[PDB]
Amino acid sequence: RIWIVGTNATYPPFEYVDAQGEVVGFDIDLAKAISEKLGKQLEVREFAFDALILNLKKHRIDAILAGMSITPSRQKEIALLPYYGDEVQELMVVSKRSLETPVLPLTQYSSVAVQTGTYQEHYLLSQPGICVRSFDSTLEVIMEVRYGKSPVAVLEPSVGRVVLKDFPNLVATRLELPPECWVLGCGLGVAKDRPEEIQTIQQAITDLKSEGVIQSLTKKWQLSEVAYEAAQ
């Protein structure tokens, strides 16, 4: 009957809280489409990002849609079905335009702002000489920079490309990741002991891709490289 998708709505444009108090975004739109393919009614529930895997494992939720990067370590705990993105080999470092080059390396700073429980936080914490401050939300991370409280932050590029549009005084610099910290694109999480749901859900994703629904949705939430609309 009900299909519970766990998420952490802290994370534009995948899932976040709008001006009205409503949870919206690319993942939410996808969860809606998928639940329709599944014959089930969608319910979205909020958890801390780091709590999602355990809830899923325990079947306190039925799936995860949380912009969750595919990594081997996560794959040991659950299934992650590819639905967006490609390999990530770099990160953005955000700073005020006023901050003098070189922005790199990150060891030069009093702190570096980053979102909690994320692979990019774990990268920073494994590097020598980085003082990390971690926050609930992407906005908090960026506000920490524009408010002068951290000289720099780190975002994922797919996220940074979208969010930084609204901050004309911030600038972003590529920071290549060591190949041992490259991750894959985003996967929809399903418990590993549920193969039947895996297949069903995999088939819903392939169907939405075929139908052009996933392309529409990636455009709608600015997750695709922008194309021109050409009259033919």
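A residue's number is simply how far along the shown sequence it sits, counting from 1.
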Comparing 152-160 with 102-110, the one whose average Cα B-factor in the PDB entry is higher: 102-110
Entry B factor averaged over C-alpha atoms, 87-95 against 140-148: higher for 140-148
Of the choices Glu197, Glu46, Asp27, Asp50, which one's C-alpha carries the largest B-factor in the record? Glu197
Looking at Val213, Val23, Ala19, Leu223, which one carries the largest C-alpha B-factor according to the PDB entry? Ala19
Relative to the other modelled residues in the chain, which third contains the C-alpha temperature factor of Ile201: lowest, middle or highest? middle
Of the three thirds of Cα B-factor ranks in this chain, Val183 occupies the middle
Can you tell me which third, lowest, middle or highest, the CA B-factor of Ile61 falls into for its chain? lowest
Just say lowest, middle or highest third for the CA B-factor of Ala172 relative to the other modelled residues in its chain. middle
Where the record places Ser126 (Cα B-factor, split into thirds across the chain): middle
